[PDB]
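Take a look at this single chain in structure tokens; it is the form deposited in one PDB entry.
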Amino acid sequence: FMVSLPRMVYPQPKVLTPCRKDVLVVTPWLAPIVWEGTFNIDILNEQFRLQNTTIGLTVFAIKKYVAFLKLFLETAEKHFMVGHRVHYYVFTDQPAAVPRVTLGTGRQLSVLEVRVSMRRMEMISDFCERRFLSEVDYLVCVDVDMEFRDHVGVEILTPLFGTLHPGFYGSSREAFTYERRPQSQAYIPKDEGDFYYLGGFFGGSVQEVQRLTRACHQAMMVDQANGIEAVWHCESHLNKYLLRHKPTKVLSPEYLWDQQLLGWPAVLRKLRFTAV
């Protein structure tokens, strides 16, 4: 079970004062949308540390993309789940090119050799299935050509989460780049859709992440057999899955931003994880 929190002194939440009035902070299925100002990280850290939470962070670094590992891992050390147990899983075709990065206590890295479009979904579902169940409580699946710039912590953890694509968070659903051909398993028509989620940042409990990756892998195989490739590949399938299986938290675009392409809008109080 879960033990009591200790006594804590913090500002009283005020019912007649919203945290943020400029953005939606809860979905219509009552999942929090995680923005700066919506969470007290001290309360959340207590809750998750009292469960001895271990977070797995997966990245694929193939061919030239191994060059991104050093900055990715060094900045993860500064910003990602600091204080909690972290297990990095680096999937690569070049185990010797993985940089030797100094890790904080309670943090470990495993290099897993591989070797295409389906490799990520396949590797996460039913190649590393048993290992992940034994080793971590949550999985966070991200792209490697990125850097952490600010806190990314236990506020994201939940059974299943997606992240709002920074190019589409203000867009009408008709403008979302979902797969629009009915012949694809990823098809979403013009009158459906909550959000446009990123392929590059999703996660959840190991069980829910394995369900998602298994479903996507199966859908991608069906499309391949039918001679169709979804417009945005695994991201299109991720969007179909999260439409039909609503995430239990949604991360705001603070969690995956491209400052060169999109600047630093007022609505973003922090830029936490960004394109290089």
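From 1 onward, residues are counted along the sequence shown.
Count class of deposited residues lacking coordinates, residue 78 to residue 79: Going from residue 78 to residue 79, the model skips no residues of the deposited sequence.
Mean C-alpha temperature factor, higher of 218 to 226 and 64 to 72: Taking the mean B-factor of the alpha carbons in each, 218 to 226 is higher.
138 to 146 versus 179 to 187 - which carries the larger mean C-alpha B factor in the record: Here the higher of the two C-alpha B-factor means belongs to 179 to 187.
Highest recorded Cα temperature factor - choice among 156, 160, 109, 114: Largest recorded C-alpha B-factor: 114.
Residue selected from 105, 92, 205, 171 by maximal Cα B factor: Highest C-alpha B-factor among the listed residues goes to 171.
Third of the chain, ranked by Cα B-factor, where residue 59 sits: It belongs to the middle third of the chain when residues are ordered by C-alpha B-factor.
Third of the chain, ranked by Cα B-factor, where residue 231 sits: Tercile = highest for this residue's CA B-factor.
B-factor third for the C-alpha atom of residue 199 within its chain: Middle third of the chain for residue 199's C-alpha B-factor.
Among modelled residues of the same chain, the CA temperature factor third for residue 16: It falls in the top third of the chain.
Residue 27 - which third its CA temperature factor falls in, relative to the rest of the chain: It falls in the bottom third of the chain.
Form solved in complex with a small molecule: not shown, discussed below.
Interface residue in the deposited bound form among 129, 122, 194, 143, criterion: non-hydrogen atom within 4.5 angstroms of the small molecule: Of 129, 122, 194, 143, the residue with a heavy atom within 4.5 Å of the small molecule in the deposited bound form is 143.
Selected contact from 241, 39, 48, 65, since only one has a non-hydrogen atom within 4.5 angstroms of the small molecule in the deposited bound form: For this set of options, the contacting one is 65.
The small molecule in the deposited bound form: contacting segment from 210 to 218, 243 to 251, 31 to 39, 55 to 63, heavy atom within 4.5 Å: It is the stretch 55 to 63.
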